[PDB]
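In: Just to be clear, this is only the beginning of the complex, oriented as in the whole thing:
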Amino acid sequence: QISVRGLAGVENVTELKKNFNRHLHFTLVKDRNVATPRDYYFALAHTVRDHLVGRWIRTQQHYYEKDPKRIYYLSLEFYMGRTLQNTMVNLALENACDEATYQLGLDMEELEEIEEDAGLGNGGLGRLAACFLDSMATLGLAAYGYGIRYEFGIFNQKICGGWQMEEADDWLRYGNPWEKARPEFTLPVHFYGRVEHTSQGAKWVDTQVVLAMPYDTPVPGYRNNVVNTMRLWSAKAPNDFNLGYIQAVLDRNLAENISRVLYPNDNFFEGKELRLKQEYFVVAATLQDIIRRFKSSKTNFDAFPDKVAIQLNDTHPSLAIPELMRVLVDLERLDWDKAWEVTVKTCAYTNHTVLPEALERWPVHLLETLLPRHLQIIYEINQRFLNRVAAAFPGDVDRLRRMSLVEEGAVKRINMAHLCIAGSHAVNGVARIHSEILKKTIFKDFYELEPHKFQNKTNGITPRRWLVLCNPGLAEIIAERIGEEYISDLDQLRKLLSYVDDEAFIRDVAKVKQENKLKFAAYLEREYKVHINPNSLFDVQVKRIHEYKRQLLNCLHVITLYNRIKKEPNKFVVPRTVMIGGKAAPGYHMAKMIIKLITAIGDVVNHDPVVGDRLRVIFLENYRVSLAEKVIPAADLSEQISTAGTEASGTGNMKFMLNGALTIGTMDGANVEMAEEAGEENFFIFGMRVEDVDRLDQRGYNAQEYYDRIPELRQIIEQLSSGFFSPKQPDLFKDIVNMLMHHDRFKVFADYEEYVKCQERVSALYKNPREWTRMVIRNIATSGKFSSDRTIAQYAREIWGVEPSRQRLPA
């Protein structure tokens, strides 16, 4: 049908049809008379998987023969979404499969909707890992993703009476055709026990053993025949476990609970024992596998850093540092100093937030009981590190306190960020402003001691999933003008600046957006029975629910627009559909109240006859990767409105830019670099800068001042307090009003006036479709910097010491 989706040759279609029929018969054990759409999905998935296997085997054989430096990306989260379409895209099979299924009387897009998301992450950090795997394969790096195979991923969100309800994400119920169990490579992991000192060093004895069983998933590069591996570990009890008899067998569940469920916290630290067990489990199994592969290569650990790089995705796998030391010192019998040199040169650390509540600080008493040898190693690392600090800054006693890996107080804790900096040769933030804030504030002391360690690597997104897959219409009109090479070299989108006055292109860009909006408007009615006006401006804020992300500021603007309409009903206003979506962590009360507020506003606004279809407020239920793929291409306006200095980068912002939405945002995270690329005239920037926030903090933030001086804001607060949005429960939102008025860490009121004014400027431009679209073209054209291919090429060259390759492996 469309060019970017590849060829549908007679030979290929014929083979696909026959292999589809083979899988339905032999693999699924069904005939066409009894088969359901789900059976048809599985027959297609197995057919596509077959095309991966030869390339997968020969890629791994290639790495064994060539023996390049291997990259190990360690993460507790991989937010992969669906696999079928992505695999077809990267193998150039989409048009052929579309034709083959069409000829069998089936609709492929209907089959695609059957697949469960692999929802093994919370949000930005987990999705970053997923985009990174795609880019590493596309750039021919010998890269492996290592994590945990959670039985239950991020919960499914249902909205009941306007409230979030959580349901278990039983994603494996129908099986997972993509993974291959590798029970043959099962490895033991140790917990508890005690340390014995011999004349020949320390021994960790009397431990409990849990087995780590790997499952491998293929990661295809874009049309280069490279297939890398994501290896996820699953917890299993040994067979002599607890071995009255019945209870001992039932108690195996205790061991196997380690890989049962993803902790659903986004940017927040909960010091639970089970979470610590998960973090050690992934680190211990992964490091054994790395060492095994290194020894089987082609005794000398001096060359270890030449053949191995380990990237820590936040501090979650920080135990890799003392675990590597443990193995090298206790088991391989290296001297401390040599082991430490190897460790530092091997490990690098990526920081994802500056919010104090998100930082992992583990109580010493937990580590003492669970990982006694690791605590001893951490103490020794600390002692040697502080000795270097003391030598560099003699007499500076407070610096010693500030830099210690051990935090003193009521409960003694280990600061895992400090451990990561001490034990890594590179430390990076994830956008230019964030990386600067790290050096100036939270890690200033460390930057002074070791300036060479600190780097920036601005985040990116993969243009395969986030353009070609989710927005084929836009990909096609681009390819029609500039060819297909931009898909793996996104900087080529700059060539589109030559078409900003091209009447044909302007029309085509606008047509694709309208189609996407029509498709999404239909999706909503079909799946949720919710009506929307497809001619309205689609104003979208989708991301996890957090106070710092300021969904509440968006709510205030919505109520402002409603109040203005009620004041002057017969005045023209640009019609809007305001869509907000995202999950709240189950224990985060304020985030749950914010969801209730949004639905409560919708309940009033959507049923007011005077408003008509000029304003609609919709909460998008169960926001996840598959839903992002639908809503992002349909958006007109991207809301990126975090308080300056709080969102480290953002990546949702980049997805919207690539897909033809304009951005309203603060100068926060990557928004700064996006505006710099596109030009500030082509962005809707408002609000306090970081320096303005610092000034307000010095003075003291007083929310009452804003309430007193802004009558429109006063009205809204009075409406919330009095029960206008909750007539049955008049004091429902009192916690929200109280926080806003007395305890607001994120200064919602301070940006309100500038936000409302900026929103007026958005409505003004939307009234002029031609000029709206020209600004859109200027955004798409300068989105190239934000490809994760750029990001990974920078990690490769500046941290890992390897060169990317766009060259094909033989098919």
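Out: Received, thanks. Residues are numbered from 1 along each chain as shown, chains lettered A, B, ... in the order given.
In: Shouldn't residue A:211 be within a helix?
Out: No: residue assignment for residue A:211, taken from DSSP: H, G, I helix; E, B strand; the rest coil, gives strand, which places it outside any helix.
In: which residues in the stretch 1-150 of chain A form strands?
Out: A:70-74, A:78-81, A:118-120, A:143-148 (DSSP state E, counting those that start in this stretch).
In: Nearest approach to residue A:92 belongs to which of those strands?
Out: Closest approach to residue A:92 among the strands of the stretch 1-150 of chain A is made by strand A:78-81 (20.2 Å; C-beta to C-beta). For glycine as for every other residue, the C-beta is placed from the backbone atoms N, C-alpha and C.
In: buried stuff in that closest one?
Out: Using 16 or more other C-beta atoms under 10 Å as the burial criterion, the residues of strand A:78-81 that qualify are A:78-81.
In: before we move on, what about stretch A:50-57?
Out: Within stretch A:50-57, the residues that qualify as buried are A:51-52, A:55-56, counting by 16+ other C-beta under 10 Å.
In: next one: stretch A:26-35
Out: Of the residues in stretch A:26-35, those buried under the neighbour-count criterion (16+ other C-beta under 10 Å) are residue A:30.
In: And the contacts of it?
Out: Contact partners of stretch A:26-35, identified using C-beta atoms under 8 Å, 6 or more residues apart in numbering, comprise A:24-25, A:39, A:42-43, A:46.
In: Identify the residue spatially nearest to residue A:714, adjacent ones excluded.
Out: Nearest residue to residue A:714 in three dimensions, chain neighbours excluded: residue A:707, at 5.7 Å (C-beta to C-beta, 6 or more residues apart in numbering).
In: Also residue A:256?
Out: Sequence neighbours aside, residue A:235 is the residue nearest to residue A:256 in space, at 4.9 Å (criterion: C-beta to C-beta, 6+ apart).
In: and the one you found, which of the three is it?
Out: Three-state secondary structure (criterion: three-state DSSP) places residue A:235 in strand.
In: my read: it touches residue A:215, true?
Out: No: with contact defined as C-beta atoms under 8 Å, residue A:235 does not count as touching residue A:215 (11.9 Å).
In: Which segments of chain A make up each domain?
Out: A:1-460+A:788-811, A:461-787 (curated CATH domains).
In: Could you tell me the end-to-end distance of the last one?
Out: Across its full length, domain A:461-787 reaches 5 Å end to end, with C-alpha to C-alpha, to the nearest Å as the criterion.
In: Burial check on residue A:543, number of neighbours?
Out: Other residues lying near residue A:543 total 24 when counted by other C-beta atoms under 10 Å.
In: first to last residue in stretch A:169-184, what's the distance?
Out: Using C-alpha to C-alpha, the span of stretch A:169-184 from its first residue to its last is 28 Å.
In: And stretch A:264-284, by the same measure?
Out: By C-alpha to C-alpha, one end of stretch A:264-284 lies 23 Å from the other end.
In: In that stretch, which residues are buried?
Out: For stretch A:264-284, burial by neighbour count (16+ other C-beta under 10 Å) applies to A:264-269, A:275-284.
In: Return the distance of that stretch from the chain's centre.
Out: With C-alpha atoms, centre = their mean, to the nearest Å as the basis, the distance from the averaged C-alpha position of stretch A:264-284 to the chain average is 17 Å.
In: please slot chain B in as well:
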Amino acid sequence: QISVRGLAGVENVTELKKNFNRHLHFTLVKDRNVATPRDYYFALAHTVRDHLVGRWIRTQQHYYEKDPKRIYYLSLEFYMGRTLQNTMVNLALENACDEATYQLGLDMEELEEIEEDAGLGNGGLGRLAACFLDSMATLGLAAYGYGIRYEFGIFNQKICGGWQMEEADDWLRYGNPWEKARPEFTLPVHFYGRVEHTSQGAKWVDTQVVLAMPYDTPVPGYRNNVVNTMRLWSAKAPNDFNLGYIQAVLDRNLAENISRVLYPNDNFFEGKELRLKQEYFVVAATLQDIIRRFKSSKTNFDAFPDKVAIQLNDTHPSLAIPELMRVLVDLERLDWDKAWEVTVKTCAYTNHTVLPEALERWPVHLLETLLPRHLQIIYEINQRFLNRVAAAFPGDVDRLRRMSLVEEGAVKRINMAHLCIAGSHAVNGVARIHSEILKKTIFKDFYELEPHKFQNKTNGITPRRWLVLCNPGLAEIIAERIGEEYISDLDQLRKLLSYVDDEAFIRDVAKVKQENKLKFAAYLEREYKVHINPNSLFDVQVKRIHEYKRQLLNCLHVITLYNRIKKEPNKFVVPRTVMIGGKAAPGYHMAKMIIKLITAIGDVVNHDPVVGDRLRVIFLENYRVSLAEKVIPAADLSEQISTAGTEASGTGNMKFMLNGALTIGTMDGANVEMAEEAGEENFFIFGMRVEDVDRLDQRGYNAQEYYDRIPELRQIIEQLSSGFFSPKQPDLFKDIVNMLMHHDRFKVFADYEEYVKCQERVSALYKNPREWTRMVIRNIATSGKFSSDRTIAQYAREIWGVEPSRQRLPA
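Out: Placing chain B onto the earlier chains gives this:
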């Protein structure tokens, strides 16, 4: 190589080789350079499985079109063993696969050893279900086996310091290529709750729900292209289960524990709640599936018994009776009397033991809490049943007490056997003597009320697994004389009586036995580093460890032989290898002490220089179906020595007869019918008959009398007491001596003299190889009655009301 294993045609071998290579590549994702023997096993299993699928689909399509009466065999146990060789045998693929693998440089028998047993049963009852499934498919019956998919089957037994240790049987660790998950046919099962009475009948409300997910395994008939289904249910929590958040997800384990593990009790009742849950889980899911299939056929439940038969394998699935009533009365709104008519005509019950401790008697308080509606139904069944008893036997108040389904006392209990008799149109024992004992003793009252219900169906074994598969050498020499038809018509073995004086045949029968013994002697050295003399008489007792089975009587004979050798070292004795094997239930202390005794005797006997290789005592570790397939063909002497009236049938006895061992046994269970078939002169019968046991009981059994009058027995008891077999722990066996002397329910001493004398007669015949073999031929020749094909044909005609068919389905 050999005829009975089928053809190895060039076309077939070529196809098998290519499909083997395809599975290794695409299914296993391996190349030949990295593949292990386990990978090779899986490639072969998938290749053979492919041959099953077409026949499986078309068999089930055939039943839908023809709509015959369906047979549902309900069992908590299916002791299936390995599947690969059985599948090849029944499909006539063994020689072709042997050739194909040979050409790929692989040894098929080595690959076969990799497969885990499906050990989903304890012993005789579970293995009977497995032989039955094979016979039902071979006889073309539309039959379905329904049970539980235990994650952990019968434990693996390890012997450590002479003691039994138990290890979890993690049989699914590497996957199960034979099963197909059917998550689409998942059904809800209800527990707890309460009963509400409406104007329109009872309602069971406020229940907890557990999901039952089916897994289907193919059951191939012998060379008839029929493939039936065994459907096993697995427990899953609903997704809103317990839905702080983390704990609710972890607590799903509580629901899913229902299908976690097989209770390892053989002939013993433990009234645990989890076991009751298992019994209801299988019954509730199965009955819904039966009703669904009945409605989808081709409203009228009058024809239900014409289209459905349910066979209860013991009382374990007895809840089918009140569950069927519940569905018909509460949900389908039938009147009680009509529902009861349908229930009785649908259900039939097989009893497997008369031992009082094995009978299921559930405390009323358990049923009250777990299954409140079922208890109400059971009370109503009881009331109506006792009303009929009162009318038939007016004034007989004690009969009313004896026949009640409700047992009065300290703890009120429901007698499940009484429930089964009341609610079934047929009740059968499993051998002629057992069926007679039921009518004369434990169910006398019921037999008086309803004589027409009581039947006999003597047990049998499948000659596919228990001759062709495990003993191809014997199968081949038989086929050479009489053709191949006997494999599905075992009565044809009578034709062998014409060869009892044939010198060629006599030589061939003896040669096959020697080869089997050589193979087994080698297996022992290879796998267990244990040496045995292959020229000795192989004296074998393999079965679960129980006091009634009298492994202890065997032990006494062994010690007698040792003592006689020590007394007269230079006298000739026929050399023996005495092998005893079997598992003990983990909570059964005496059974564990018996295992220790056997190993302790071996420790003395096997290292006494004076004995030499004239006597060896070996405990066979981890007795299971796969081990039975090895040891049975190697045996010379089969020990079947239960106290008369205690072993209902036995089936191990029949396996030994078919494979060319002679039998030493009591007149118990099927031993009686075996001796009747072969002729008493061709059996080694000894000991008390049932009538002799009854006489001794009336008088009172005094073990001291035997100890006082038999000097050789006194010596043994004195050796056990004094610590001769446990020098480090002199009083180790005091519990055994005490039981024997004061509390022996099974009268070990009473049969000792006759047993020892009979054993002398065995040694006498073994000295004459030609006459030994002629007696063997007379046993094999008359083993035909003991085919499970005969047994199933009798169930079909006399209970289920269906005709068997030996006719082929089109391939």
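In: what do you get for the contacts of stretch A:26-35 once chain B is counted?
Out: The list of residues contacting stretch A:26-35 from outside it, by C-beta atoms under 8 Å, 6 or more residues apart in numbering or on different chains, reads A:24-25, A:39, A:42-43, A:46, B:50, B:53, B:56-57, B:61, B:180.
In: can we see that at 6 Å?
Out: A:24, A:39, A:42, A:46, B:50, B:53, B:57, B:180 (C-beta atoms under 6 Å, 6 or more residues apart in numbering or on different chains).
In: Would you reformat the residues you listed as a markdown table and include neighbour count and distance to residue B:362?
Out: As requested, the contacts of stretch A:26-35 are exported to a markdown table (neighbours: other C-beta atoms under 10 Å in any protein chain shown; distance: C-beta to C-beta, whole Å):
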| residue | neighbour count | distance to residue B:362 |
| --- | --- | --- |
| A:24 | 22 | 46 |
| A:39 | 21 | 42 |
| A:42 | 23 | 43 |
| A:46 | 20 | 47 |
| B:50 | 18 | 45 |
| B:53 | 18 | 42 |
| B:57 | 17 | 41 |
| B:180 | 19 | 34 |
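In: Going by distance to residue A:646, which of these wins?
Out: Residue A:646 has its nearest neighbour among the contacts of stretch A:26-35 in residue A:42, at 43.7 Å by C-beta to C-beta.
In: so what's that closest one up against?
Out: If a contact means C-beta under 6 Å, 6+ apart, then residue A:42 has residue A:28 as its contacts.
In: Excluding chain neighbours, what is closest to residue A:185?
Out: In this structure, residue A:185 finds its nearest non-sequential neighbour in residue A:214, 5.3 Å apart by C-beta to C-beta, 6 or more residues apart in numbering or on different chains.
In: Residue A:182 is in contact with the one you found, correct?
Out: Yes: applying C-beta atoms under 6 Å, one finds residue A:214 in contact with residue A:182, separated by 4.7 Å.
In: Name the residue in the two with the higher neighbour count.
Out: Neighbour totals were compared for residue A:214 and residue A:182, and residue A:214 leads with 23 against 13 (other C-beta atoms under 10 Å in any protein chain shown).
In: Other residues contacting the helix or strand encompassing the more buried one?
Out: Element membership for residue A:214, per DSSP states H and E: strand A:208-220. Residues lying outside strand A:208-220 but in contact with it, judged by C-beta under 6 Å, 6+ apart, are A:52, A:56, A:87, A:90, A:133, A:137, A:149, A:178-183, A:185-189, A:191-192, A:227-236, A:238, A:255, A:285.
In: Which residues of the stretch 51-200 of chain A lie near chain B?
Out: Those residues of the stretch 51-200 of chain A that sit near chain B, judged by C-beta under 6 Å from any C-beta of the partner chain, are A:53, A:57, A:152, A:166-168, A:170, A:173-174, A:180, A:183.
In: Just the ones in helices from those residues, please.
Out: With helices identified by DSSP state H, the entries of these that belong to them are A:53, A:57.
In: Buried ones only from the residues of the stretch 51-200 of chain A next to chain B, please, as a ChimeraX command.
Out: Entered in ChimeraX, the line below selects the buried ones among these, by 16 or more other C-beta atoms under 10 Å in any protein chain shown:
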select /A:53,57,152,166,167,168,170,173,174,180
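In: Quick check: strands, which of the residues of the stretch 51-200 of chain A next to chain B are part of them?
Out: A:166-167, A:180 (DSSP state E).
In: picking up where we left off before, which of the contacts of strand A:208-220 count as buried?
Out: Neighbour-count burial (16+ other C-beta under 10 Å) is assigned, among the contacts of strand A:208-220, to A:52, A:56, A:87, A:90, A:133, A:137, A:149, A:178-181, A:186-187, A:189, A:191, A:227-236, A:238, A:255, A:285.
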